[PDB]
């Protein structure tokens, strides 16, 4: 009528600007900063390229013809615009699947999913996504043609239309898209983000706690006391000799290590350490009573201490050990910070003490809080993707099954806005990235 074209020009041109500006920004930032190019962002970089492709090679050749009600570009543009639209949706859907699968590797199988975290594999997947997406979509250029129709005053026009040899094939193709663009990617990412979510809920434990407090040094080093240490805080000898640490090292890893161990030997060593700390708590007649009275989070604070100072040194925390057993957490927290231990390693001690005072992991939660944030962003991106793409795919499927119904309900402004919703998905992720560093 009179307004509809105005709102269309408005919304289309706005969504074009945001999507062009938004995605080229995301690309130029990522191309600029080598520090930014993580595995997850290399995918979000392949995602932002498909969003740019959809935005420049399809959107004008949809608003302009839908605004004029006449596809006035060539038969080639008609095959091109349909080709890139389906290629884009495919690349995007399988980029989102790759992301869910790499975060699953990182969060759920960290020391077990080593290759899924190589940038070389990441660019292998990205290449296989674009190549296969152009391949399975070749029906669109093969079977899309100008379809002549006639307007008001018997005025010939064309519409760009995708027509397969019959109805069984038109309907088979939509079953196809249903499967490899929604069902199969949908469950893959729902199982994945579901497992990721389970893990992230179970939260911090003694191992993650000691990994934050100790770190990883592959080569022999000295701690705050000046003692020779390796791996994840593994004390080698109190003696000042370096020859003796190197000896106690080779004996513990079983090979002539030459001062240097692997990450895999550090974790094996570190697992024996947490084992040994916990056995020392159980075998010591002063520590075991306190331990049993402790809740699992505080148990881990007691283990944290015993891991740093040994069974016997901690068992001599007689006045703090008593307060803990009596559930006097504030008293214990105040007393423990008057100790020499506090004075030697304040930052670590302040955390362990916070754990004792509150019974929570707040002291160690920062990193977990970051992973949870990213994961919730990714689940939001996936849900806004499907919500932006279900309508147009459902309108094409309904056309292939009952074209007369589909066209009478959707032909005017509804499919105009349904198409608009599609392009909106390509300007969604940059806006999300903006609201993420708030």
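Numbering follows the first chain given and starts at 1.
- Checked against the record, the higher mean CA B factor of 310 to 318 and 240 to 248 lies with 240 to 248.
- Checked against the record, the higher mean CA B factor of 198 to 206 and 255 to 263 lies with 255 to 263.
- Ranking 299, 357, 109, 351 by Cα temperature factor from the entry places 109 first.
- Considering 334, 235, 147, 303 together, the PDB entry gives 235 the largest C-alpha B factor.
- In this PDB entry, residue 411 carries a Cα temperature factor that places it within the middle third of its chain's modelled residues.
- Ranked against the other modelled residues of its chain, the C-alpha B-factor of residue 64 as given in the entry falls in the highest third.
- When the CA B factors of the chain's modelled residues are split into thirds, the value for residue 89 lands in the lowest one.
- Compared with the other modelled residues of the chain, the Cα B-factor recorded for residue 186 ranks in the middle third.
- In this PDB entry, residue 392 carries a Cα temperature factor that places it within the lowest third of its chain's modelled residues.
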